[PDB]
Each structure stands twice: as C-alpha cells, then as structure tokens.
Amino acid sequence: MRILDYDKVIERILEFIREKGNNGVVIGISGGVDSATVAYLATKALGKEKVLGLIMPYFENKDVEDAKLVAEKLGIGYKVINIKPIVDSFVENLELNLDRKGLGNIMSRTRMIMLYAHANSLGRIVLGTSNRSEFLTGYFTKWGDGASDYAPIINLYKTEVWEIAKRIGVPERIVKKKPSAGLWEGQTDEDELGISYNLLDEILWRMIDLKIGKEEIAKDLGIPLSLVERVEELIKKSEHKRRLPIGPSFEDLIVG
C-alpha cells in the first residue's frame, strides 16, 4: 500500500482542524473507529472545550458504551440522543414498506439534522467522519452521516485511519473492532462490501491513485480479476454519491 509519513499526516490534520474549527465543532460519535479518531484529533487540535460530541443511538447495544468511552476519555462535552422516536415517526408518516438500507438512511440523515441543529445553535461547524474507502465505494448515506462542513479524514483510506487511531490513543478494542455502520443488527462493512478493507485499499490505491489497469492489479496482487472488477463496479455505481445534484446544460441553446 502507499506509504504515508504519519507523523506529518497527523500534524497536517490537526492544523487543518485548527484553521477550520476555531469557533468549536460538533461531531457525531458512534463508538466506531472513524468518528473516535476524528474526536481524538479534534480534541488534541482544539482542546476539549471546543468539542461537543453527539452520541445518537437508534439501537440499544454496546456501541453506545464504546462511544461514551471515547467521550469520557477525552473529557469533551457530550450528549446522548435517542433518535428512534424521530426515525420511527418518519417511517409512520411514510406508510409504506422500507428495507433496512432505506431505514438506515433515515437514521443517518436524522443524525445529520441533529448535528447541524446543534452546530447552528452554537455557532460551530460540523466535522464529518467519512474516510476515502467509504467515499470511493459509496459506502455511506447520501446527505446523511458524512454530509458535513469539513471532513478531516476523507482523504485517508481505512487502513491508514486504523494506524492513526492507534497512534493517537483511540481505545484499542475500538481500533480492533470489526467495522460496522450500525444501521441494522449484524451489519458488517466487509461482509457488505464482500472484501476486507486491507484488500480494498490496495485496489483503490492502484486503481484510482495510480490508475493501473484491471489486469495489472489482479496479478500485481495475486487476486482474482473478479474481485478487481467487483471493486471497480462499486466505484462506478456510486459515482452519483460523489457529486452535487446535476441538471441539463443549455450553452448551445443560447441566442443573440
């Protein structure tokens, strides 16, 4: 995988957060490693008084315990907000069936509204916790979690996020935890993507950053071309998630 000079990378992230969130920030803390890493970097960069964490569970599971652990060890201000009543109200108003992915989308978008409502009230910005691995594969809710003012680790692959998390003191059981967006019980990132993040990042790195042909990738890693075509598919089918709403142009229709 590409090699980064973490010492310098971490430094640049901290400087970036200092420059963008001097007036304080609001972050969604879920108990996963991405939001915890952003929570740690933001705290070290601005100091705990400038970091408000919102823990917004839908399910009452151990994930909440992990998030509070992050909040606790950092000493930041935080708030636990049960979003199930609001989420279910969206569903009751829908009056139609909705699969688990659609329901997960409501949860994530509901968290987005909560984050922005708090940031707006406090004159703060919202720090998103998405990473490049999710960004390139479309593994995120459009307009939901992820949607923020600034995203400190959007340009870092998952593998790198884990390395940085360990280096900054993020709880080990969190760093080692199996990745899960937590939209429904039993949801597992690698099972949904059908590949580990380690193997994914190796492909994205070569396919997007290096622009290395599908064939060179498969062999230059001893992996089935299928696995490579798969990844390339996730990227193509999620291109609509990496751009603002588009419409028709009318340049050749201008008159004079």
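For every residue, the number given is its place in the sequence shown, counted from 1.
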Original post:
With respect to the recorded C-alpha B factors, which stretch has the higher mean value, 232 to 240 or 17 to 25?
Top reply: 232 to 240
Subject >> 128 to 136 versus 109 to 117 - which carries the larger mean C-alpha B factor in the record >> reply: 128 to 136
Original post:
Per the PDB entry, which option out of 180, 141, 148, 97 has the greatest Cα B factor?
Top reply: 180
Subject >> C-alpha B-factor winner, where the candidates are 56, 51, 36, 218 >> reply: 218
Subject >> Assigned third (lowest, middle, highest) for the C-alpha B factor of residue 171 >> reply: middle
Original post:
For residue 185, does the deposited CA B-factor place it in the lowest, middle or highest third of the chain?
Top reply: highest
Original post:
So where's residue 64 on the chain's Cα temperature factor ranking, which third?
Top reply: highest
Subject >> Record-listed C-alpha B factor of residue 200: chain third >> reply: middle
**OP:** Consider only the C-alpha atoms of the modelled residues in this chain, order them by B-factor as the entry records it, and name the third containing residue 225: lowest, middle or highest.
**Re:** highest
